[PDB]
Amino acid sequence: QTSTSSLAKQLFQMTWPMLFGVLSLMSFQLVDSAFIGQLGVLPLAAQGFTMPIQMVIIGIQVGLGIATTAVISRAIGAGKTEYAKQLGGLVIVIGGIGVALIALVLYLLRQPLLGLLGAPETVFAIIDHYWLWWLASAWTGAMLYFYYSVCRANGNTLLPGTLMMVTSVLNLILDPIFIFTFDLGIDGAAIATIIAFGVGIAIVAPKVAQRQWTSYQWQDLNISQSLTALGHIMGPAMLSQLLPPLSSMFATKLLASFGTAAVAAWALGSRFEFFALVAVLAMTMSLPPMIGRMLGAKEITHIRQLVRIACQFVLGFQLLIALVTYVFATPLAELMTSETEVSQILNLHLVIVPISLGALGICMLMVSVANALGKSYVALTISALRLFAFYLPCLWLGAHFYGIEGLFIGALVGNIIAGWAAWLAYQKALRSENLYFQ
């Protein structure tokens, strides 16, 4: 019982700085789009069509980020200390030229890209200069995220957590000064972001250097073997990032049949689910470094107990949230929209699907755990099964049988199955590591 009491406290200490950090990363877009909306309906439109290429950049840095925390933490647990810090340096370099090249082709192909997006011609003139400064800000934030990943890979979420809170406040402060005071317009938003992320890097990188968590002496470092280890995780991880938007392109057609109010209500419903799962979202970044280290240290029993502690919190925590959401469903629904038609559909959503977020959270958790064990294809399978085998089919069946209410019932059932399938997938994955048992 002292084992589960020690692990629960550790998981808590690792999670809460990421709980504050998730919200901070979150607000960068909401704060930026807030100030730019003041510039007119057209600059605000330019930001809207920046959202897709942002998902691409975000998906890449996360895909790599998941890979680094998995292989480096495992290397540390295995005692391969020098190899770990060599890996950290390699990631910073590989992440640098990689994102830079991606930012290149995105700009060279912006006119066909905006074409597929269905962007108006009036928008094109703005993107031609705004994406110049924005892609620079996206690259800088990527580098900061990589240093964040190295810190997490070394078992630290505190420094990334505070730096997420620092840079976000900085971006809030700097935006009006650059946008309005300096009369830079929409580019001032991107430029202020660069400075904000630049301050973070200027803080985290020297501190990483002190602890020697990064190294660029690669004489005895097998580079091709290291990039193979990273690519094995990073590849499938990026593929998983593509599944939710590719699921929406199916899901949107179904919701379109229920009218304009139902579509708007679904958008508000998704935004709420994201907020109700910030704890699990914080645990998808705090838990994997712990798992990876334990796997390398051959502490299998700790992994078993740590995951079970994590699972029991999520299941109980989301049940309470679902309960509180229920009794305040009507004032919550009428707070988020002024349109009556939308309020009533959102209300129906808030009393049906939040109870399923406990199971969905486990599904999210097992995906990150699988990646932490190095089982990137298991993690990809769970994500693919969640959306295409369980979620969308249940959404369709519910809508067909019992309309807009049944569709929400479908979301409920789909999440319970997905989470139960995820738990079964994790169990099978941990049994593969039993050769290291004690």
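When you see a residue number, it is the position in the sequence shown, counting from 1.
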property: 22-30 set against 54-62, stretch whose average Cα temperature factor tops the other in the entry; result: 22-30
property: Stretch with the higher entry mean CA B-factor, where the candidates are 124-132 and 299-307; result: 124-132
property: Highest recorded Cα temperature factor - choice among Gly410, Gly374, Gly37, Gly48; result: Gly37
property: Peak C-alpha temperature factor (PDB record), options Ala142, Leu242, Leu365, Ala75; result: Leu242
property: Chain-relative CA temperature factor third for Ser137; result: lowest
property: Within-chain third of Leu246 by Cα B-factor, per the entry; result: highest
property: Modelled-residue ranking by C-alpha temperature factor, third containing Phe258; result: highest
property: Ranked against its chain, the third holding the CA B-factor of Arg110; result: highest
property: Among modelled residues of the same chain, the CA temperature factor third for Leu397; result: highest
